[PDB]
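To start, the structure itself, in structure tokens.
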There are 2 protein chains.
Amino acid sequence: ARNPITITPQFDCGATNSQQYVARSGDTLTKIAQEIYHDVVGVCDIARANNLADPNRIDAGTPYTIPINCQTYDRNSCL
Amino acid sequence: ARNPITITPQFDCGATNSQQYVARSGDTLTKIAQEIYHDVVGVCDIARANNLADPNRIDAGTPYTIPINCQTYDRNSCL
Ligand SMILES: CC(=O)N[C@@H]1[C@@H](O)[C@H](O[C@@H]2O[C@H](CO)[C@@H](O[C@@H]3O[C@H](CO)[C@@H](O)[C@H](O)[C@H]3NC(C)=O)[C@H](O)[C@H]2NC(C)=O)[C@@H](CO)O[C@H]1O
Ligand SMILES: [Cl-]
Ligand SMILES: [Cl-]
């Protein structure tokens, strides 16, 4: 019923918008994606958005780009 | 650098995906949008998605549709 629109993604997951999230001690990608962001992004979307090799290595005090409006969600391909 | 894609929004905010969130006692649209969903949706996007008459009035135990990948965010037009 709504008209289709064309968007230009900034991430492979199709997201156009993002936030900067600074990891806290004890944060993991699963906690960030699933709890802090209430599962609106996949753990592996975050990893690819940040060009991360190992998704289990997250550094306290480092900002991570969180794509917040993905069209698709990759929860485990990088796992 | 990525190629544009065409999507069909299911909500006025441009979102294609959503979740159901069941309001807890004490919940408000503000705390749902800003804390639970970490600002990835606007208070007024939630109100419009659920055809809420009063954005200040939500019912404990009632499920609400949360558009999770809006293109635009409406934080206050309905307030
Ligand atoms: C847009 C926004 O965030 N507005 C905030 C107000 O919603 C909030 O007021 C409180 O709102 C809640 C949710 O509507 C009210 O709780 C509901 O109360 C009714 C009647 O008592 C009850 O039937 C519902 O079960 C119950 N729902 C929930 C989820 O608890 C509550 O009464 C409102 N409180 C006051 C004082 O008006 C106010 C205050 O925090 O802030 C706005 O920003
Ligand atoms: Cl990406
Ligand atoms: Cl809507």
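Hydrogens, waters and symmetry mates are skipped; everything else that's a heavy atom, side chains included, is used. Numbers restart at 1 for each chain; the letters A, B, ... are given by sequence-line order, proteins then strands. Numbering of ligands and ligand atoms starts at 1, following listing order.
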Checklist entry - Looking only at protein heavy atoms, which one is nearest to atom 25 (O) of ligand 1, and how far off is it? => result B:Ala60 N, 3.1 Å
Checklist outcome for this item: atom 26 (C) of ligand 1: closest protein heavy atom, distance to 0.1 Å, is B:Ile58 O, 3.4 Å
Checklist entry - Under 4.0 Å from atom 11 (O) of ligand 1, is there any protein heavy atom? => result yes
Item to check | Any side-chain donor near an acceptor of the partner, B:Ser18 and B:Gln10, under 3.5 Å | outcome: no
Next on the checklist: Between A:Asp39 and A:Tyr73, do the side chains contain a donor N or O and an acceptor N or O under 3.5 Å apart?
Outcome noted: no
Item to check | Under-4.0 Å heavy-atom contact between protein and atom 19 (C) of ligand 1 | outcome: yes
Checklist entry - Which atoms form the tightest heavy-atom contact between B:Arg24 and B:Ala60, and what is the distance? => result C-CB, 4.2 Å
Checklist entry - Starting from atom 4 (N) of ligand 1, which protein heavy atom do you reach first, and at what distance in Å? => result B:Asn56 OD1, 2.7 Å
Item to check | Within-cutoff protein neighbour (heavy atom, under 4.0 Å) for atom 36 (C) of ligand 1 | outcome: no
Item to check | Contact bool for atom 14 (O) of ligand 1 (protein heavy atom, d < 4.0 Å) | outcome: yes
Next on the checklist: Closer than 4.0 Å to some heavy atom of B:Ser25 - which atoms of ligand 1 meet that?
Outcome noted: 30 (O)
Checklist entry - Just wondering, more than 12 heavy atoms not from B:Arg2 lying within 6.0 Å of its CZ? => result yes
Next on the checklist: Can a side-chain donor-acceptor contact be found between A:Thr28 and A:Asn56 if the only test is distance below 3.5 angstrom?
Outcome noted: no
Checklist outcome for this item: atom 30 (O) of ligand 1 has as its nearest protein heavy atom B:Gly26 N, 3.0 Å
Next on the checklist: Starting from atom 3 (O) of ligand 1, what is the nearest protein heavy atom, named by residue and atom, and what distance separates them?
Outcome noted: B:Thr30 OG1, 2.8 Å
Checklist entry - Heavy-atom count around B:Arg75 CZ within 6.0 Å, excluding the residue itself: above 12? => result yes
Item to check | Under 3.5 Å donor-acceptor, B:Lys31 side chain and B:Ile36 backbone | outcome: no
Checklist entry - Does atom CG of A:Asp54 have more than 12 heavy-atom neighbours, drawn from other residues, nucleotides or ligands, at distances under 6.0 Å? => result yes
Checklist entry - Would you say atom 7 (O) of ligand 1 touches the protein, meaning some protein heavy atom is under 4.0 Å from it? => result yes
Next on the checklist: Closer than 4.0 Å and a protein heavy atom, does any atom meet both conditions relative to atom 28 (C) of ligand 1?
Outcome noted: yes
Item to check | A:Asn69 side chain vs B:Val40 backbone, donor-acceptor pair below 3.5 Å | outcome: no
Checklist entry - Between the candidates B:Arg24, B:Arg57, B:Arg75, which shows the shortest non-hydrogen contact distance to atom 23 (O) of ligand 1? => result B:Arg57
Checklist entry - Who's the nearest protein heavy-atom neighbour of atom 41 (O) of ligand 1, and how far? => result B:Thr28 CG2, 4.5 Å
Checklist entry - Is atom 32 (O) of ligand 1 in close reach of the protein, with a heavy atom under 4.0 Å away? => result no
Checklist entry - Going by the angle between their ring planes, with limits at 30° and 60°, are B:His38 and A:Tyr37 parallel, tilted or perpendicular? => result tilted
